[PDB]
Structure formats: C-alpha cells, structure tokens
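Quick note on labels: first sequence line is chain A, next is B, and so on, each numbered from 1. In what follows, every heavy atom counts, from backbone to side chain, and hydrogens, waters and symmetry copies are set aside.
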There are 2 protein chains.
Amino acid sequence: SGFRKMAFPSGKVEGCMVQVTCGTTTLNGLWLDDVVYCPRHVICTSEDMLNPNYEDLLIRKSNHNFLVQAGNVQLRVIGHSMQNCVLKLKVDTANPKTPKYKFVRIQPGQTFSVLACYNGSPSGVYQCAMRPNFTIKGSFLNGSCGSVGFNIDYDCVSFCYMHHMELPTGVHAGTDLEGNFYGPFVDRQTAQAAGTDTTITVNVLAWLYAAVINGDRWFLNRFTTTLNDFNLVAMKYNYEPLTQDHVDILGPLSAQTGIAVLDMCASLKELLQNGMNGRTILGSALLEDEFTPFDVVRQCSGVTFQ
Amino acid sequence: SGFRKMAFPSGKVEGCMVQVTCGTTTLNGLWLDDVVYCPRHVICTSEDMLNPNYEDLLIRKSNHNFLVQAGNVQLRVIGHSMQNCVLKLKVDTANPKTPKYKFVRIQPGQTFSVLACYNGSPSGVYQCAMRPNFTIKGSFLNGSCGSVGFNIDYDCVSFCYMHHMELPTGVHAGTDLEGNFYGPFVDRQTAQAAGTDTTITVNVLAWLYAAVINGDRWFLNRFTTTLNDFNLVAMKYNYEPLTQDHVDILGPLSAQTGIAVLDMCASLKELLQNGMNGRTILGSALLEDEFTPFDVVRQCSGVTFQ
C-alpha cells in the first residue's frame, strides 16, 4: 500500500529528446518519426522576445540555420514550417526510438508527467496538473523550453504539453503539440494575466478516496450534503463546482469504499470550513488536487506499461 | 524557476527490469550483465513467509525452477546463489541494455528514485528519502517486491535499494543490492519494530534555502542561534542533531543566498516553536525533509544525465 505522487516511466520520452540550436538560442526538441518539434521562439534573440514578429523572423532562417543534435547523432534539416507556436523541422532520418504516440490536448484538471530537459538531455521527471487557469506549477530553469508533458497508455505515449514560458509571476505556460497555447498566453516577454485559479474539486475528492483506501479516515464525518449545498461551499472557497459528470467519474471509488460521493462531499465541506486542525491526510497538511480519479485508481490497482 | 520533488529519468533502469517466477510467486528482478537480482523470498509460499528457513527452501530449487522473462525475451538460468537476502540468478545472456552501474549502500537521510514495477513492467517513478529509522514511505502494492531505488550520476546508475517488505504499520523495508537489509528488519512475515523516526534536519534546511532561492522568504527572521541552542530545539521536536559536517554541506547554499547557516537555523527554530500560522513554503504546509543539499543544488543548476 501507500500513496505517492508518481510520474510515468520516462524512458520512451527520453529517446525522443534532442537539442535544437538556432543562432544563439538552444532549447529542447521532440523527435518523432522524421519531424522535430520545438518552441518557435528558438528563432528569437533576447531582444526579439520583447515584441517578436515570428513570420518576419522565420523568413530570415533557412534549413541549415537549425542545428539539431540527438546526443551525438545528427539530423540533417530538410524542411521547416511554423504551426501556431511550434516549429516543425523535417529531418532526413526517422527516429529509430520513436514510440507509439498521439498528440492530445488535455483538459484543465487533468494530470501529466513532465520530463524536464536541458540541452536535449533529461534532468528529471515529475507529475503536474493543468490548473483550471491553464498554467502549470513546474520546475523549469532557463534552457528548459521544449521539455514536454505526457501520459502513457500501455505502449502509447500521448504528448499533451510543450514548455514555452515562465510568466513574471513564476508560473509556467505552454502549448499542445500543435502549438496552441493552453490559456490566453502568447510567446512574448510581456506582462500576462493568468487570472483566478481554482482548486480541482473532483481531484481532491479522488484523493480523499485514496486516503480512505490507505487507512487515513479521521476526516470521515457524520454528515451528508446535496450537490447544490456543497457547491455553495465550493464557491466560497474557490473550488471548482462539482457536476454530475464528476460524481459519475468517482463512481468506482465510491463503490470500492462504500462511501457515497455526497457523503465524501460533506467530509470535504467540514474540512474546508474547519481546516485540518494540525492533522495530515496521506502525509499532507493541505488538501491535494493533483490526482485525478483515474490516477487514484491506477495507483491502487498497479497498472503497468511498455 | 520553481521547485518540484523530481525523480531521476528512469529509462536506464526500465531496460533492466525483468519478471521472476518461482512456483506460485512472481515478483520483479534486476538484470545486469548476466545476473538477475531479486528478493530471495521469491522461493516462499504464503505460509513459508511466516517462518522461512531460506537455506532449506532454496535447496529444494534448481536452475530450471526459476522462470525469468525479459518482456518476451528469455533468460536461461544457468546458476543460482543466495547472497544475504537476495537471490542471484546467473543467466546465459548479458543484458544488452545494461547501463554503467554501481551498487551503493546509502546513508539515512539520503534520497533516491524508486521505479515501482509489477510483473517486470514499470508502473511509475517517484523520489524517496531513506528515513533515519531505515524505512521508506513508498507506494508498493502486492507484486512490487524487487522494484529498485537508484540515483544517476551523468551516465552511471547507482542502485541503492531493492524492495522486500511492507511492515504491518504500512511503511516499507528493503535491502541494498548485496541483500543486506537497511535497518533491523528481516524477510519474515512477523511483527517488526521500526523504532522512533526523526526529521532530517539538514534536508529541511536545504529546502528552506531552496525556498529563499525561489522567492519564498516570509519565514526569514530576525534572530540567530548557536549550534547547541538549535540542537536543544531539534531534540524537543524529534529532529536529527545538526553537526558541523551538515553545516559544511550547506556551505554553497549559504554562499549563494547570503544567509549564514546559523541564521537559517534560527528561522527553523521559530517555525518549530510557532508553526507556520496557516502559511505555506514552496507550496507545502509542512516542513519538508526529502530534499538533500545535493538535490537542491542540482535542481537549482539544472544538471542533466545520459
């Protein structure tokens, strides 16, 4: 037993990381089949980033201006194109380590693993949630752009995130692998409002179920509630409103533990109104919202991949 | 910027995981060169585990009784031997994916990444600390035995942990890769006292330095203290005593932030005596002790591997 914030095994993604250099700028790229994907701001100088015209900047580049290094191996760049905020560099070699993969646009509240990379080399792996305001709270130093976020389904890697930006507030923003930003953000060094974030209620409930499964049950209370009454409480505490779809997704955890979803909502209501009194749940002194219901079920059933 | 509990990239270890079956029991093994390492209790039935005589049980086994599956590939077992609490199965094929590696016995308070595995297949990766009482607080379901913990130094994997047991208290115990348990534990299904645990003081201090580097500085106080005065406080709160060796290890973080180690100790003293007042540090409402000074420096300098 036990419950940890667990990332997917990263080996299938490690074999796809490359270094991309354009002029003075080096960041990470993702090499799948004969295409390398990277943030288009690889073509910007530091001064360009204040107000870049990406079309004009890209027109000054040719295939031979993009240096792509796969460890020590090398890709000859035979074409380049811009798709939204990503650059797509066609190379003359298909990546022999290309896993089965899909490109996915995830929903706010969903989780994924990030492989943090510098100079095309993997540094570490950790699990994130896409915040309701479409930021992520990551660990990204200079040179980490182009690092990717992903999920695994047995043998298939679904890439969902590519890192582009740290906002002046220190949170992180990026795109799907078609180059569309999550949220209102742009790839420009300017002030950008993220807007109010909220707590992922269905994830908190899933984690309460995980706590009960592992024997942490002190928070189980005496009360029940209604969907509308609980949502009145959710709004006061900046929690996402709970819908019937969320209730349905929690169904299997409800059935395993014998705790009706609305009873768990009343326990969560009491935790929100009264705090945790210096107690902990699964080793945390805060309510955790970075595990989806699917995450909890997977960890409490031992699903494997490759 | 930002600070996350980050695991090492797991790909080099993924390529070493195999399934080991003996009779009814299947768990994980680690395939390096022409040797597969696994917990010796792979030879036990459920009833054996109550009081096993491993020497007598192993005498009833021959090479062909050990089924080792590397995905779909297979190792012919050509020899077997017991080294302390691990079984060493000699196979006729060297693992073509064997990384550069060492076997290391780590110290309490040190950290490592665990690749949780079932049936020889990787499930997830997370970062752990070896508690002062030589347990780890992991996520290990049935069938996870033989999963390993490791660190990476550029291209070299130092294996430090192999999972053997969940104690009746729900914490986890295991061996180094020579089969020697960390702590007083034995591979028998019986009640086993772990003994009092303590908080890893030098790790908490490292994480306070990481917090300051990332802009969380509200806890920085007005006071200083002495090593002996702080240790008086450490003992009251079940913290490990801080030594000069620990002070020396924190030297580089002290120098980067301009905060003398003893000043940070006085900030930690105030946090211990007054709590956190409903504030958070690096997103946590508890004092975190699972980052070593080396961990903090690595994450705030972007060291990479392969």
Side-chain angles (χ1 to χ4, degrees), chain A residues 116 118 123-124 126 137-144 166 170, chain B residues 1-8 106-113 127-132 151-154 198-231 233-234 237 239-272 276 279-305:
Chain A
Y118 302 86
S123 173
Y126 57 89
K137 300 192 153 273
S139 169
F140 289 113
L141 309 166
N142 214 76
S144 70
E166 180 160 314
Chain B
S1 76
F3 199 76
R4 300 302 303 268
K5 182 98 67 51
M6 198 171 307
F8 287 105
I106 57 164
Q107 293 298 293
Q110 289 192 268
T111 57
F112 55 96
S113 292
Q127 188 85 349
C128 278
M130 175 65 66
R131 304 306 313 171
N151 282 271
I152 315 297
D153 189 358
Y154 181 48
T198 57
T199 300
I200 308 153
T201 304
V202 69
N203 289 6
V204 175
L205 289 163
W207 169 83
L208 289 181
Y209 277 108
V212 169
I213 289 169
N214 283 272
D216 251 333
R217 52 198 190 58
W218 64 261
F219 55 86
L220 288 187
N221 80 356
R222 212 273 172 286
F223 312 89
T224 192
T225 182
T226 74
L227 208 42
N228 305 112
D229 171 72
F230 170 82
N231 277 337
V233 175
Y237 289 90
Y239 270 57
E240 288 288 305
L242 196 73
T243 66
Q244 186 60 47
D245 283 347
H246 294 143
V247 176
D248 289 347
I249 294 171
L250 294 164
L253 290 170
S254 186
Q256 172 175 347
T257 64
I259 296 161
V261 172
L262 285 180
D263 292 0
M264 193 64 89
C265 288
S267 282
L268 173 60
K269 164 178 159 124
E270 292 309 302
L271 289 165
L272 287 176
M276 298 181 43
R279 250 170 309 191
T280 64
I281 297 174
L282 289 181
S284 173
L286 301 171
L287 303 169
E288 299 276 337
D289 78 342
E290 283 206 319
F291 300 94
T292 69
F294 285 171
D295 292 343
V296 172
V297 164
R298 178 153 40 78
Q299 195 167 155
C300 321
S301 74
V303 173
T304 53
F305 317 91

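For B:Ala210, the side chain to side chain contact (heavy atoms under 4.5 Å, CB included) partners two or more places apart in sequence, or in a different chain, are B:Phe3, B:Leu282, B:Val296. With sequence neighbours excluded, the residues forming a side chain to side chain contact (heavy atoms under 4.5 Å, CB included) with B:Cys128 are A:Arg4, B:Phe112, B:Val114, B:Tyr126, B:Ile136, listed by chain and number. With sequence neighbours excluded, the residues forming a salt bridge (charged side-chain N to carboxylate O under 4.0 Å, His left out) with B:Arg131 are B:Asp197, B:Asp289, listed by chain and number. By the side chain to side chain donor-acceptor pair (under 3.5 Å) test, B:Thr292 is found to be paired with B:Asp295, residues two or more places apart in sequence or in another chain being considered. Residues satisfying the side chain to side chain donor-acceptor pair (under 3.5 Å) test with B:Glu270, not counting sequence neighbours, are none. Legend: residues meeting side chain to side chain donor-acceptor pair (under 3.5 Å) with B:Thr224, ordered by chain and number and at least two apart, are B:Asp263. Remark: B:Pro252 pairs with no residue by the side chain to side chain contact (heavy atoms under 4.5 Å, CB included) rule, at least two apart or across chains. Listed by chain and residue number, nothing satisfies the side chain to side chain donor-acceptor pair (under 3.5 Å) test with B:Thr304 (two or more places apart in sequence, or in another chain). Residues satisfying the side chain to side chain contact (heavy atoms under 4.5 Å, CB included) criterion with B:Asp153, sequence neighbours excluded, are absent altogether.
Note that the CG atom of B:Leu205 and the CD1 atom of B:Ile259 stand 11.0 Å from one another [nearest 0.5 Å]. Rounding to the nearest 0.5 angstrom, the gap separating the CZ atom in A:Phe140 from the OG atom in B:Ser1 is 11.0 Å. Rounded to the nearest 0.5 Å, atoms OG1 (B:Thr225) and CE (B:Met264) are 14.0 Å apart. Note: B:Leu242 CG to B:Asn228 CG = 11.0 Å, rounded to the nearest 0.5 Å. Separating the CG atom in B:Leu208 from the OG atom in B:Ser267 is a distance of 7.5 Å, to the nearest 0.5 Å. The NZ atom of B:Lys269 lies 9.0 Å from the CZ atom of B:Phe223; values are rounded to the nearest 0.5 Å.
Residues B:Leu271 and B:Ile281 are in side-chain contact: their nearest non-hydrogen atoms beyond the backbone lie under 4.5 Å apart. In this structure, the side chains of B:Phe230 and B:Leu262 stay at 4.5 Å or more apart for every pair of heavy atoms. No side-chain heavy atom of B:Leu287 sits less than 4.5 Å from a side-chain heavy atom of B:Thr199.
Crowding of B:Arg217 atom CZ: a count of heavy atoms from other residues, nucleotides or ligands under 6.0 Å not exceeding 12. A 6.0 Å sphere centred on OH of B:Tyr237 holds more than 12 heavy atoms belonging to other residues, nucleotides or ligands.
Within the 3.5 Å criterion, the main-chain N or O of B:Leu250 finds no donor-acceptor partner in the side chain of B:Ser254. Formation of a donor-acceptor pair under 3.5 Å by the B:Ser113 side chain with backbone atoms of B:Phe8 is found in this model. Checking side-chain atoms of B:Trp218 against main-chain N and O of B:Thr280 turns up a donor-acceptor pair under 3.5 Å. A donor-acceptor pair is defined here as one N or O able to donate and one able to accept, closer than 3.5 Å; no such pair exists between the side chain of B:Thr111 and the backbone of B:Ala129. Between the side chain of A:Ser144 and the backbone N or O of A:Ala116, no donor-acceptor pair lies under 3.5 Å.
Considering all non-hydrogen atoms of both residues, B:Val212 and B:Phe219 come closest at CG2-CZ, 3.7 Å. Nearest approach of B:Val202 to B:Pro293, heavy atoms of both residues: CG2-CG, 3.9 Å. Closest heavy-atom contact between B:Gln299 and A:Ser139: OE1-OG, 2.7 Å. Scanning all heavy atoms of the two residues, the minimum distance from B:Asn221 to B:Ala266 falls at ND2-O, 3.0 Å.
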Is there a side-chain contact (heavy atoms from CB on, under 4.5 Å) between B:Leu268 and B:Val233? Walk through the geometry before answering. CA-CA 10 Å; B:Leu268 173 60; B:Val233 175; over 6 Å; no
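Under the side chain to side chain donor-acceptor pair (under 3.5 Å) criterion, the residue pairs touching residues 239-253 of chain B are B:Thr198-B:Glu240, B:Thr243-B:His246, B:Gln244-B:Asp248, with sequence neighbours excluded. The list of side chain to side chain donor-acceptor pair (under 3.5 Å) pairs with a residue in residues 200-215 of chain B, not counting sequence neighbours, is empty.
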